[PDB]
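See below for coords_20.txt, which holds compact mmCIF, C-alpha atoms and all ligand atoms.
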# COMPACT_ATOMS: atom_id res chain seq x y z
CA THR A 2 0.00 0.00 0.00
CA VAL A 3 1.17 3.54 -0.73
CA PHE A 4 0.91 6.66 1.40
CA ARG A 5 0.59 10.41 0.78
CA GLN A 6 3.70 11.58 -1.06
CA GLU A 7 3.28 15.35 -0.72
CA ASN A 8 5.94 17.14 1.28
CA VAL A 9 4.83 16.81 4.89
CA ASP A 10 6.20 20.32 5.55
CA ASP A 11 3.55 21.72 3.21
CA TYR A 12 0.88 20.61 5.70
CA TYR A 13 2.64 20.57 9.08
CA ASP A 14 5.16 22.63 11.00
CA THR A 15 7.56 20.65 13.22
CA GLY A 16 8.88 21.66 16.67
CA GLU A 17 10.72 19.96 19.53
CA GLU A 18 12.05 16.42 19.34
CA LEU A 19 10.01 14.13 21.61
CA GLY A 20 12.02 10.98 21.32
CA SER A 21 14.26 8.68 19.36
CA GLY A 22 14.69 5.07 18.54
CA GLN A 23 16.08 2.42 16.42
CA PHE A 24 15.43 3.89 13.00
CA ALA A 25 12.88 6.52 14.13
CA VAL A 26 12.76 10.06 15.42
CA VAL A 27 9.57 11.59 16.87
CA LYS A 28 8.95 15.34 16.67
CA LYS A 29 6.12 17.53 17.89
CA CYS A 30 4.18 19.07 15.02
CA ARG A 31 1.16 21.22 14.21
CA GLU A 32 -1.24 20.77 11.28
CA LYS A 33 -1.59 24.03 9.36
CA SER A 34 -5.25 23.55 8.41
CA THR A 35 -6.51 22.86 11.96
CA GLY A 36 -3.84 24.17 14.35
CA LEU A 37 -3.99 20.81 16.10
CA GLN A 38 -0.83 19.24 17.47
CA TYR A 39 0.51 15.74 16.79
CA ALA A 40 3.62 13.63 17.13
CA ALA A 41 5.32 12.97 13.80
CA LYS A 42 7.24 9.67 13.81
CA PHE A 43 9.80 9.57 10.98
CA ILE A 44 10.71 5.95 10.24
CA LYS A 45 13.81 5.40 8.08
CA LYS A 46 13.16 3.10 5.09
CA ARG A 47 15.45 0.32 3.83
CA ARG A 48 17.91 1.60 1.20
CA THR A 49 18.32 -1.84 -0.46
CA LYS A 50 16.67 -5.27 -0.34
CA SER A 51 19.11 -6.77 2.17
CA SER A 52 20.65 -3.77 3.99
CA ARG A 54 19.71 -0.27 8.42
CA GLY A 55 16.15 1.07 8.28
CA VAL A 56 12.82 -0.72 8.46
CA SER A 57 11.52 -3.10 5.76
CA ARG A 58 8.44 -1.98 3.88
CA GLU A 59 6.57 -5.06 5.05
CA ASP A 60 7.33 -4.10 8.67
CA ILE A 61 6.19 -0.48 8.18
CA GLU A 62 2.96 -1.56 6.43
CA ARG A 63 2.13 -3.94 9.26
CA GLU A 64 2.63 -1.15 11.87
CA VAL A 65 0.45 1.21 9.84
CA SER A 66 -2.29 -1.42 9.29
CA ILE A 67 -2.46 -2.15 13.03
CA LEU A 68 -2.44 1.54 13.95
CA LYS A 69 -5.30 2.23 11.54
CA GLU A 70 -7.55 -0.29 13.34
CA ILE A 71 -7.05 1.26 16.76
CA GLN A 72 -9.39 3.60 18.68
CA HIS A 73 -9.46 3.36 22.43
CA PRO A 74 -8.74 5.84 25.22
CA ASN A 75 -5.65 3.91 26.37
CA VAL A 76 -3.99 3.44 22.98
CA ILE A 77 -2.36 5.92 20.63
CA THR A 78 -4.19 6.74 17.41
CA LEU A 79 -2.98 7.36 13.93
CA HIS A 80 -4.02 10.59 12.25
CA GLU A 81 -2.32 10.47 8.82
CA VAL A 82 0.57 8.79 6.99
CA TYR A 83 3.04 10.45 4.57
CA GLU A 84 6.07 9.02 2.85
CA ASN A 85 9.01 10.00 0.72
CA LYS A 86 12.10 8.21 -0.56
CA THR A 87 13.84 8.21 2.84
CA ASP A 88 11.04 7.96 5.46
CA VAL A 89 7.52 6.89 6.21
CA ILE A 90 6.04 9.61 8.45
CA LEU A 91 3.31 8.64 10.90
CA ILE A 92 1.28 11.54 12.21
CA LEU A 93 0.30 10.19 15.61
CA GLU A 94 -1.82 11.45 18.47
CA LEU A 95 0.40 13.64 20.69
CA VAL A 96 0.89 12.38 24.25
CA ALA A 97 2.36 15.35 26.11
CA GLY A 98 3.03 14.08 29.67
CA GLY A 99 6.17 12.04 28.94
CA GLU A 100 7.00 8.36 29.41
CA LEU A 101 5.94 6.34 32.41
CA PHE A 102 9.69 5.47 32.44
CA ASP A 103 10.65 9.10 33.18
CA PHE A 104 7.76 9.57 35.63
CA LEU A 105 9.03 6.55 37.61
CA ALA A 106 12.57 7.96 37.66
CA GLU A 107 11.16 11.27 38.94
CA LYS A 108 9.06 10.00 41.85
CA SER A 110 8.67 3.53 43.49
CA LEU A 111 4.88 3.95 43.70
CA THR A 112 2.29 3.09 46.33
CA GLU A 113 0.04 0.10 45.50
CA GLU A 114 -2.81 2.52 44.73
CA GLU A 115 -0.64 4.57 42.35
CA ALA A 116 0.57 1.34 40.75
CA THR A 117 -2.96 -0.11 40.30
CA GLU A 118 -4.25 3.17 38.85
CA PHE A 119 -1.67 2.95 36.07
CA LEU A 120 -2.06 -0.77 35.80
CA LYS A 121 -5.87 -0.78 35.38
CA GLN A 122 -5.43 1.55 32.39
CA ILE A 123 -2.67 -0.59 30.88
CA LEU A 124 -4.84 -3.68 31.32
CA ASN A 125 -7.79 -1.91 29.69
CA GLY A 126 -5.62 -0.94 26.68
CA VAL A 127 -4.21 -4.45 26.35
CA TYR A 128 -7.73 -5.96 26.75
CA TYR A 129 -8.78 -3.85 23.77
CA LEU A 130 -5.74 -4.89 21.68
CA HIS A 131 -6.01 -8.59 22.55
CA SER A 132 -9.74 -8.51 21.76
CA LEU A 133 -8.66 -7.53 18.23
CA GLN A 134 -6.04 -10.35 18.28
CA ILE A 135 -3.20 -7.77 18.34
CA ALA A 136 -0.09 -8.73 20.34
CA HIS A 137 1.88 -5.54 21.12
CA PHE A 138 5.16 -7.39 21.78
CA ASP A 139 7.00 -4.34 23.18
CA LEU A 140 5.27 -3.44 26.44
CA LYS A 141 7.65 -1.64 28.86
CA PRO A 142 7.53 1.69 30.82
CA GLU A 143 9.17 3.57 27.85
CA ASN A 144 6.11 2.64 25.76
CA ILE A 145 3.38 3.87 28.16
CA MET A 146 2.98 7.67 27.89
CA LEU A 147 1.07 10.01 30.22
CA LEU A 148 -1.40 12.60 28.90
CA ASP A 149 -0.44 14.99 31.75
CA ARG A 150 2.20 14.23 34.38
CA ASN A 151 1.07 17.03 36.77
CA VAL A 152 -2.17 15.43 38.02
CA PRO A 153 -2.57 13.01 41.00
CA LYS A 154 -3.97 10.20 38.78
CA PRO A 155 -2.38 10.49 35.29
CA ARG A 156 -4.13 9.04 32.23
CA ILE A 157 -2.04 6.79 30.00
CA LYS A 158 -1.71 5.65 26.42
CA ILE A 159 0.15 2.65 25.00
CA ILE A 160 2.55 3.69 22.19
CA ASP A 161 5.07 2.10 19.74
CA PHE A 162 3.41 -0.46 17.51
CA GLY A 163 6.65 -1.26 15.66
CA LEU A 164 6.67 -4.89 16.85
CA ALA A 165 2.89 -5.44 17.04
CA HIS A 166 1.41 -8.41 15.15
CA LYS A 167 -2.03 -9.76 14.39
CA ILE A 168 -2.29 -13.28 15.76
CA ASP A 169 -4.85 -15.04 13.59
CA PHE A 170 -3.86 -18.61 14.61
CA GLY A 171 -3.35 -18.20 18.33
CA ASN A 172 0.41 -18.15 17.71
CA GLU A 173 2.83 -16.68 15.16
CA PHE A 174 6.32 -17.94 14.41
CA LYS A 175 8.59 -15.07 13.41
CA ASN A 176 10.78 -14.11 16.36
CA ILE A 177 9.75 -10.64 17.35
CA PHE A 178 12.45 -9.85 19.86
CA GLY A 179 12.02 -6.78 22.06
CA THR A 180 14.01 -5.50 25.05
CA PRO A 181 15.61 -8.34 27.11
CA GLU A 182 14.30 -7.10 30.49
CA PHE A 183 10.68 -7.34 29.35
CA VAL A 184 10.53 -10.26 26.89
CA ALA A 185 8.82 -13.57 27.80
CA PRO A 186 10.73 -16.90 27.93
CA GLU A 187 9.11 -18.02 24.62
CA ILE A 188 10.70 -14.94 22.96
CA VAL A 189 14.08 -15.82 24.50
CA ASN A 190 13.76 -19.42 23.33
CA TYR A 191 12.56 -18.47 19.79
CA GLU A 192 9.31 -20.39 20.26
CA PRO A 193 5.91 -19.61 18.66
CA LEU A 194 4.51 -16.44 20.18
CA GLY A 195 1.01 -15.31 21.05
CA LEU A 196 -0.95 -12.84 23.14
CA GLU A 197 0.44 -14.48 26.30
CA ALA A 198 3.83 -12.77 25.75
CA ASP A 199 2.27 -9.35 26.58
CA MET A 200 0.92 -10.72 29.88
CA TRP A 201 4.46 -11.65 30.96
CA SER A 202 5.62 -8.13 30.11
CA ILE A 203 2.78 -6.78 32.25
CA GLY A 204 4.07 -8.91 35.18
CA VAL A 205 7.52 -7.34 34.72
CA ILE A 206 6.06 -3.83 34.54
CA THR A 207 4.03 -4.49 37.72
CA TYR A 208 7.13 -5.69 39.62
CA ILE A 209 8.98 -2.50 38.59
CA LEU A 210 6.00 -0.25 39.52
CA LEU A 211 5.93 -1.67 43.03
CA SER A 212 9.67 -1.92 43.78
CA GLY A 213 11.62 0.37 41.47
CA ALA A 214 13.72 -2.72 40.58
CA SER A 215 13.86 -4.92 37.44
CA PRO A 216 13.16 -8.62 38.30
CA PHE A 217 15.39 -10.38 35.72
CA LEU A 218 18.03 -7.72 35.00
CA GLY A 219 21.60 -9.05 34.74
CA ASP A 220 24.89 -7.25 34.01
CA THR A 221 24.70 -8.08 30.31
CA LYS A 222 21.79 -8.56 27.87
CA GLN A 223 22.65 -12.24 27.55
CA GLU A 224 22.57 -12.71 31.35
CA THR A 225 19.13 -11.01 31.47
CA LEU A 226 17.85 -13.37 28.79
CA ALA A 227 19.17 -16.37 30.70
CA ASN A 228 17.48 -15.18 33.90
CA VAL A 229 14.17 -14.72 32.01
CA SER A 230 14.31 -18.23 30.49
CA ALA A 231 14.99 -19.74 33.94
CA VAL A 232 12.30 -17.55 35.63
CA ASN A 233 15.10 -16.34 37.89
CA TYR A 234 13.33 -13.67 39.96
CA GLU A 235 12.25 -13.27 43.57
CA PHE A 236 10.47 -10.75 45.78
CA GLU A 237 13.24 -9.02 47.75
CA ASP A 238 12.09 -8.33 51.31
CA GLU A 239 13.79 -4.92 51.18
CA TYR A 240 11.45 -3.87 48.38
CA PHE A 241 8.38 -5.96 49.07
CA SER A 242 8.16 -6.55 52.87
CA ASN A 243 5.18 -4.20 53.15
CA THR A 244 3.61 -4.95 49.75
CA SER A 245 0.35 -6.88 49.93
CA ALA A 246 0.32 -10.61 49.33
CA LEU A 247 -2.37 -10.15 46.61
CA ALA A 248 -0.04 -7.83 44.67
CA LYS A 249 2.63 -10.53 44.80
CA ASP A 250 -0.01 -13.12 43.79
CA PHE A 251 -0.89 -11.06 40.69
CA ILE A 252 2.77 -10.91 39.63
CA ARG A 253 3.38 -14.60 40.33
CA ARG A 254 0.50 -15.61 38.03
CA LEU A 255 1.93 -13.54 35.13
CA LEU A 256 5.62 -14.51 35.53
CA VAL A 257 4.98 -18.16 34.51
CA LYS A 258 7.18 -19.82 31.89
CA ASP A 259 4.47 -21.91 30.22
CA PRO A 260 2.29 -19.40 28.35
CA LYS A 261 -0.68 -21.79 28.55
CA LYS A 262 -0.51 -21.54 32.34
CA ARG A 263 -0.06 -17.74 32.48
CA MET A 264 -3.06 -15.45 33.26
CA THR A 265 -4.91 -14.13 30.24
CA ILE A 266 -5.87 -10.46 29.97
CA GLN A 267 -9.46 -11.38 30.97
CA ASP A 268 -8.08 -13.36 33.96
CA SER A 269 -6.01 -10.32 35.05
CA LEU A 270 -9.05 -8.08 35.08
CA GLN A 271 -10.97 -10.54 37.35
CA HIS A 272 -7.98 -11.04 39.68
CA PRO A 273 -8.89 -9.96 43.23
CA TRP A 274 -6.09 -7.36 43.38
CA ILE A 275 -7.59 -5.64 40.32
CA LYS A 276 -11.34 -6.41 40.40
CA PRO A 277 -13.23 -3.55 42.16
CA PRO A 291 18.22 -5.40 20.21
CA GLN A 292 18.94 -8.49 22.33
CA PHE A 293 22.67 -8.71 21.47
CA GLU A 294 25.67 -7.10 23.19
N1 LIG B 301 2.60 9.83 20.23
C1 LIG B 301 3.66 10.32 20.93
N2 LIG B 301 3.60 11.41 21.70
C2 LIG B 301 4.66 11.88 22.39
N3 LIG B 301 5.84 11.23 22.39
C3 LIG B 301 6.04 10.11 21.66
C4 LIG B 301 4.92 9.57 20.88
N4 LIG B 301 5.33 8.48 20.26
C5 LIG B 301 6.64 8.32 20.62
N5 LIG B 301 7.05 9.28 21.46
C6 LIG B 301 8.42 9.45 22.05
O1 LIG B 301 9.41 9.03 21.10
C7 LIG B 301 10.07 7.84 21.58
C8 LIG B 301 10.30 6.88 20.43
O2 LIG B 301 9.07 6.37 19.89
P1 LIG B 301 8.95 4.92 19.20
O3 LIG B 301 7.54 4.81 18.68
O4 LIG B 301 9.43 3.92 20.24
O5 LIG B 301 9.99 4.86 17.95
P2 LIG B 301 11.09 3.67 17.65
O6 LIG B 301 10.63 2.98 16.41
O7 LIG B 301 12.33 4.49 17.41
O8 LIG B 301 11.19 2.75 18.84
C9 LIG B 301 9.16 7.30 22.69
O9 LIG B 301 9.87 6.46 23.62
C10 LIG B 301 8.59 8.57 23.29
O10 LIG B 301 9.52 9.24 24.16

Starting from the file, give its structure as structure tokens.
Ligand SMILES: Nc1ncnc2c1ncn2[C@@H]1O[C@H](COP(=O)(O)OP(=O)(O)O)[C@@H](O)[C@H]1O
Amino acid sequence: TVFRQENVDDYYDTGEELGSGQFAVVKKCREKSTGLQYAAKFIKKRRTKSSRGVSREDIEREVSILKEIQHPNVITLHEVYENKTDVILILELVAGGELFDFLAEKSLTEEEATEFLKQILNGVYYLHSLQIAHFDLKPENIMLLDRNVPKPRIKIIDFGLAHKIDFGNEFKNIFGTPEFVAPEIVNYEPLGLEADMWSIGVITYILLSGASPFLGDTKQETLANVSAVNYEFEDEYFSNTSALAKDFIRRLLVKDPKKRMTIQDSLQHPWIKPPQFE
């Protein structure tokens, strides 16, 4: 599929840089015709078949998935442009920064943690209902609308690894960040929606303790720890955390994805119910 090939600068003015990645830069922008503000994500295209940059197939998948999405806890896609060097996604602007940077700024109370977590679970419930595995859930990829309110609203971002799972598993290894990937990712096994639920367990552990449960001194050591389910609840961090909070995490950090809580399970859980190489 092809995208709008007019000069994006004819229709938008760009401002501050919001973030960077592996083959992408994200800049604040403003649409001339409406005055409304967005985040423009410039994704570098492949220069040759083999090659740096993102394959066209990968970009088209990300765009397809983004076009399906509309939910308060997920980013939305406004428009897509392209030229010879970049595909440019005009995304909904999320102005309150990453949950990652919020966590560095403030460890949270259980209430603060569950307020974020309920929103994350609602967003993932929506995605999984559409058979979309995000495959890159981590605090960097959960943005706040406004960081200066007592109960910030969040949106899930970064659909660069997301896949539609039409058979209950998919086989291509979709390897994210070692600290957050499930054992089946580490072991290059078929992957499904269950992989996101593991990442949610890791996120929850971090929200409650300020510490990463599998992190080693090298990426390879992290991956080994993940495959062996080498984590524990350090008394120093968790001695006054409720046993139900620990129960929630335990039921997500399970090696066998068939035995791991589903997104629907996580919403009925009593605590809730009201790149890889060195
Ligand atoms: N919609 C948005 N609103 C505000 N900031 C964003 C938005 N999308 C991305 N960012 C910022 O840019 C960074 C990189 O975005 P990302 O989608 O991860 O690109 P990459 O393909 O490089 O990983 C994010 O971690 C975040 O800081």

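The shell of residues at most 8 Å from residue 121 in chain A, with only C-alpha atoms counted and near chain neighbours (fewer than 3 positions) removed, consists of residues 117, 118, 124, 125, 270 and 275 of chain A.
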
Convert the current residue selection to file output with C-alpha atoms, as a PDB file, keeping the file's coordinate frame.
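File selection-v4.pdb, as written:
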ATOM      1  CA  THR A 117      -2.960  -0.110  40.300  1.00  0.00           C
ATOM      2  CA  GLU A 118      -4.250   3.170  38.850  1.00  0.00           C
ATOM      3  CA  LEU A 124      -4.840  -3.680  31.320  1.00  0.00           C
ATOM      4  CA  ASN A 125      -7.790  -1.910  29.690  1.00  0.00           C
ATOM      5  CA  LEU A 270      -9.050  -8.080  35.080  1.00  0.00           C
ATOM      6  CA  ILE A 275      -7.590  -5.640  40.320  1.00  0.00           C
TER       7      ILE A 275
END

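Using only C-alpha atoms and all ligand atoms, the shortest contact distance between ligand LIG 301 (chain B) and any of A:141, A:86, A:108, A:42 is found at A:42.
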
d(CA of residue 37 in chain A, atom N1 of ligand LIG 301 (chain B)) in Å: 13.5 Å

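Using all atoms listed in the file, the smallest distance between any of A:152, A:114, A:217, A:292 and residue 176 in chain A comes from A:292.
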
Contacts with ligand LIG 301 (chain B) at most 8 Å, all atoms listed in the file counted, listed as a PyMOL selection string: chain A and resi 19-29+39-42+44+77-78+93-100+143-144+146+160-163

Write a file of the selected residues as a compact mmCIF listing (two decimals), keeping the file's coordinate frame, keeping C-alpha atoms.
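The resulting out-v1.txt:
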# COMPACT_ATOMS: atom_id res chain seq x y z
CA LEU A 19 10.01 14.13 21.61
CA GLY A 20 12.02 10.98 21.32
CA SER A 21 14.26 8.68 19.36
CA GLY A 22 14.69 5.07 18.54
CA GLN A 23 16.08 2.42 16.42
CA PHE A 24 15.43 3.89 13.00
CA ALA A 25 12.88 6.52 14.13
CA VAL A 26 12.76 10.06 15.42
CA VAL A 27 9.57 11.59 16.87
CA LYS A 28 8.95 15.34 16.67
CA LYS A 29 6.12 17.53 17.89
CA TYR A 39 0.51 15.74 16.79
CA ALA A 40 3.62 13.63 17.13
CA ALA A 41 5.32 12.97 13.80
CA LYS A 42 7.24 9.67 13.81
CA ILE A 44 10.71 5.95 10.24
CA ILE A 77 -2.36 5.92 20.63
CA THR A 78 -4.19 6.74 17.41
CA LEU A 93 0.30 10.19 15.61
CA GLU A 94 -1.82 11.45 18.47
CA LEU A 95 0.40 13.64 20.69
CA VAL A 96 0.89 12.38 24.25
CA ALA A 97 2.36 15.35 26.11
CA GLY A 98 3.03 14.08 29.67
CA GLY A 99 6.17 12.04 28.94
CA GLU A 100 7.00 8.36 29.41
CA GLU A 143 9.17 3.57 27.85
CA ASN A 144 6.11 2.64 25.76
CA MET A 146 2.98 7.67 27.89
CA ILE A 160 2.55 3.69 22.19
CA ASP A 161 5.07 2.10 19.74
CA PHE A 162 3.41 -0.46 17.51
CA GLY A 163 6.65 -1.26 15.66

Residue 171 in chain A surroundings by all atoms listed in the file, 9 Å radius, close-in-sequence under 6 positions cut, as a ChimeraX atom specification: /A:134,194-196

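Proximity of A:137, A:63, A:50, A:31 to residue 80 in chain A, computed with only C-alpha atoms, is greatest for A:31.
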
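Near residue 262 in chain A, within a cut-off of 12 Å and counting all atoms listed in the file, sit the residues residues 197, 198, 200, 201, 253, 254, 255, 256, 257, 258, 259, 265 and 268 of chain A, with same-chain residues fewer than 3 positions away left out.
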
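Around the point (12.6, -20.1, 30.2), within 8 Å and counting all atoms listed in the file, we find these residues: residues 185, 186, 187, 189, 190, 227, 228, 229, 230, 231, 232 and 258 of chain A.
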
Those selected residues, please, written with C-alpha atoms and delivered as an mmCIF file, in the frame of the given file.
data_model
loop_
_atom_site.group_PDB
_atom_site.id
_atom_site.type_symbol
_atom_site.label_atom_id
_atom_site.label_comp_id
_atom_site.auth_asym_id
_atom_site.auth_seq_id
_atom_site.Cartn_x
_atom_site.Cartn_y
_atom_site.Cartn_z
ATOM 1 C CA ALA A 185 8.820 -13.570 27.800
ATOM 2 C CA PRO A 186 10.730 -16.900 27.930
ATOM 3 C CA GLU A 187 9.110 -18.020 24.620
ATOM 4 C CA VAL A 189 14.080 -15.820 24.500
ATOM 5 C CA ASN A 190 13.760 -19.420 23.330
ATOM 6 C CA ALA A 227 19.170 -16.370 30.700
ATOM 7 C CA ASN A 228 17.480 -15.180 33.900
ATOM 8 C CA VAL A 229 14.170 -14.720 32.010
ATOM 9 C CA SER A 230 14.310 -18.230 30.490
ATOM 10 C CA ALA A 231 14.990 -19.740 33.940
ATOM 11 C CA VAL A 232 12.300 -17.550 35.630
ATOM 12 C CA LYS A 258 7.180 -19.820 31.890
#

Spatial sel., origin (9.0, 6.7, 8.9), limit 7 Å, all atoms listed in the file, listed as a count of residues only: 10

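Distance annotation: of A:49, A:112, A:267, A:75, the residue with the minimal separation from residue 245 in chain A is A:112; atom set is all atoms listed in the file.
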
Contact residues around residue 206 in chain A with all atoms listed in the file at 12 Å, ignoring same-chain residues under 3 positions, as number ranges by chain: A: 101-102, 105, 110, 116-117, 119-120, 123-124, 139-145, 182-184, 199-203, 209-217, 251-252, 255-256

Serialized selection, C-alpha atoms, as a PDB file, in the frame of the given file:
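Produced file out_5.pdb, reproduced below:
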ATOM      1  CA  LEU A 101       5.940   6.340  32.410  1.00  0.00           C
ATOM      2  CA  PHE A 102       9.690   5.470  32.440  1.00  0.00           C
ATOM      3  CA  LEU A 105       9.030   6.550  37.610  1.00  0.00           C
ATOM      4  CA  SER A 110       8.670   3.530  43.490  1.00  0.00           C
ATOM      5  CA  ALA A 116       0.570   1.340  40.750  1.00  0.00           C
ATOM      6  CA  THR A 117      -2.960  -0.110  40.300  1.00  0.00           C
ATOM      7  CA  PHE A 119      -1.670   2.950  36.070  1.00  0.00           C
ATOM      8  CA  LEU A 120      -2.060  -0.770  35.800  1.00  0.00           C
ATOM      9  CA  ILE A 123      -2.670  -0.590  30.880  1.00  0.00           C
ATOM     10  CA  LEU A 124      -4.840  -3.680  31.320  1.00  0.00           C
ATOM     11  CA  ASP A 139       7.000  -4.340  23.180  1.00  0.00           C
ATOM     12  CA  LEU A 140       5.270  -3.440  26.440  1.00  0.00           C
ATOM     13  CA  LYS A 141       7.650  -1.640  28.860  1.00  0.00           C
ATOM     14  CA  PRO A 142       7.530   1.690  30.820  1.00  0.00           C
ATOM     15  CA  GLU A 143       9.170   3.570  27.850  1.00  0.00           C
ATOM     16  CA  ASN A 144       6.110   2.640  25.760  1.00  0.00           C
ATOM     17  CA  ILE A 145       3.380   3.870  28.160  1.00  0.00           C
ATOM     18  CA  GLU A 182      14.300  -7.100  30.490  1.00  0.00           C
ATOM     19  CA  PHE A 183      10.680  -7.340  29.350  1.00  0.00           C
ATOM     20  CA  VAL A 184      10.530 -10.260  26.890  1.00  0.00           C
ATOM     21  CA  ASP A 199       2.270  -9.350  26.580  1.00  0.00           C
ATOM     22  CA  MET A 200       0.920 -10.720  29.880  1.00  0.00           C
ATOM     23  CA  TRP A 201       4.460 -11.650  30.960  1.00  0.00           C
ATOM     24  CA  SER A 202       5.620  -8.130  30.110  1.00  0.00           C
ATOM     25  CA  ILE A 203       2.780  -6.780  32.250  1.00  0.00           C
ATOM     26  CA  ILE A 209       8.980  -2.500  38.590  1.00  0.00           C
ATOM     27  CA  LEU A 210       6.000  -0.250  39.520  1.00  0.00           C
ATOM     28  CA  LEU A 211       5.930  -1.670  43.030  1.00  0.00           C
ATOM     29  CA  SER A 212       9.670  -1.920  43.780  1.00  0.00           C
ATOM     30  CA  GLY A 213      11.620   0.370  41.470  1.00  0.00           C
ATOM     31  CA  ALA A 214      13.720  -2.720  40.580  1.00  0.00           C
ATOM     32  CA  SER A 215      13.860  -4.920  37.440  1.00  0.00           C
ATOM     33  CA  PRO A 216      13.160  -8.620  38.300  1.00  0.00           C
ATOM     34  CA  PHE A 217      15.390 -10.380  35.720  1.00  0.00           C
ATOM     35  CA  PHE A 251      -0.890 -11.060  40.690  1.00  0.00           C
ATOM     36  CA  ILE A 252       2.770 -10.910  39.630  1.00  0.00           C
ATOM     37  CA  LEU A 255       1.930 -13.540  35.130  1.00  0.00           C
ATOM     38  CA  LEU A 256       5.620 -14.510  35.530  1.00  0.00           C
TER      39      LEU A 256
END

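The shortest atom-to-atom distance to residue 38 in chain A, with only C-alpha atoms taken into account, belongs to A:92 out of A:92, A:5, A:51, A:192.
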
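Nearest residue to residue 204 in chain A, choosing from A:263, A:36, A:246, A:129 and counting all atoms listed in the file: A:263.
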
7 Å contact set for residue 57 in chain A, all atoms listed in the file, chain neighbours under 3 positions out, as a count of residues only: 4

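Counting from CA of residue 180 in chain A, the distance to CA of residue 272 in chain A is 27.0 Å.
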
One-decimal distance in Å that lies between CA of residue 136 in chain A and CA of residue 233 in chain A: 24.4 Å

When you get a chance, write out N, CA, C and O atoms for range 212-223 of chain A, as a PDB file, in the frame of the given file.
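Printed below is result_27.pdb as written:
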ATOM      1  N   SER A 212       8.374  -1.803  43.109  1.00  0.00           N
ATOM      2  CA  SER A 212       9.670  -1.920  43.780  1.00  0.00           C
ATOM      3  C   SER A 212      10.724  -0.946  43.314  1.00  0.00           C
ATOM      4  O   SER A 212      11.705  -0.711  44.031  1.00  0.00           O
ATOM      5  N   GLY A 213      10.569  -0.425  42.101  1.00  0.00           N
ATOM      6  CA  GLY A 213      11.620   0.370  41.470  1.00  0.00           C
ATOM      7  C   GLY A 213      12.792  -0.461  40.941  1.00  0.00           C
ATOM      8  O   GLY A 213      13.788   0.101  40.472  1.00  0.00           O
ATOM      9  N   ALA A 214      12.666  -1.789  41.003  1.00  0.00           N
ATOM     10  CA  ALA A 214      13.720  -2.720  40.580  1.00  0.00           C
ATOM     11  C   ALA A 214      13.239  -3.654  39.482  1.00  0.00           C
ATOM     12  O   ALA A 214      12.061  -4.005  39.450  1.00  0.00           O
ATOM     13  N   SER A 215      14.158  -4.039  38.592  1.00  0.00           N
ATOM     14  CA  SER A 215      13.860  -4.920  37.440  1.00  0.00           C
ATOM     15  C   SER A 215      14.092  -6.391  37.823  1.00  0.00           C
ATOM     16  O   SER A 215      15.188  -6.729  38.281  1.00  0.00           O
ATOM     17  N   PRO A 216      13.072  -7.274  37.665  1.00  0.00           N
ATOM     18  CA  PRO A 216      13.160  -8.620  38.300  1.00  0.00           C
ATOM     19  C   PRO A 216      14.172  -9.614  37.710  1.00  0.00           C
ATOM     20  O   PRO A 216      14.626 -10.513  38.422  1.00  0.00           O
ATOM     21  N   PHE A 217      14.499  -9.459  36.421  1.00  0.00           N
ATOM     22  CA  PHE A 217      15.390 -10.380  35.720  1.00  0.00           C
ATOM     23  C   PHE A 217      16.711  -9.744  35.300  1.00  0.00           C
ATOM     24  O   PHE A 217      17.576 -10.406  34.720  1.00  0.00           O
ATOM     25  N   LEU A 218      16.865  -8.450  35.562  1.00  0.00           N
ATOM     26  CA  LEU A 218      18.030  -7.720  35.000  1.00  0.00           C
ATOM     27  C   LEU A 218      19.362  -8.268  35.463  1.00  0.00           C
ATOM     28  O   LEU A 218      19.628  -8.306  36.677  1.00  0.00           O
ATOM     29  N   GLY A 219      20.197  -8.647  34.491  1.00  0.00           N
ATOM     30  CA  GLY A 219      21.600  -9.050  34.740  1.00  0.00           C
ATOM     31  C   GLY A 219      22.572  -7.949  34.326  1.00  0.00           C
ATOM     32  O   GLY A 219      22.167  -6.858  33.924  1.00  0.00           O
ATOM     33  N   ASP A 220      23.871  -8.241  34.390  1.00  0.00           N
ATOM     34  CA  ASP A 220      24.890  -7.250  34.010  1.00  0.00           C
ATOM     35  C   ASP A 220      25.115  -7.144  32.509  1.00  0.00           C
ATOM     36  O   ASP A 220      25.701  -6.171  32.024  1.00  0.00           O
ATOM     37  N   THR A 221      24.647  -8.135  31.761  1.00  0.00           N
ATOM     38  CA  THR A 221      24.700  -8.080  30.310  1.00  0.00           C
ATOM     39  C   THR A 221      23.330  -8.508  29.767  1.00  0.00           C
ATOM     40  O   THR A 221      22.533  -9.117  30.506  1.00  0.00           O
ATOM     41  N   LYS A 222      23.061  -8.183  28.505  1.00  0.00           N
ATOM     42  CA  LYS A 222      21.790  -8.560  27.870  1.00  0.00           C
ATOM     43  C   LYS A 222      21.637 -10.068  27.864  1.00  0.00           C
ATOM     44  O   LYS A 222      20.549 -10.601  28.146  1.00  0.00           O
ATOM     45  N   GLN A 223      22.731 -10.776  27.560  1.00  0.00           N
ATOM     46  CA  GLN A 223      22.650 -12.240  27.550  1.00  0.00           C
ATOM     47  C   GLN A 223      22.298 -12.820  28.938  1.00  0.00           C
ATOM     48  O   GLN A 223      21.507 -13.764  29.034  1.00  0.00           O
TER      49      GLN A 223
END
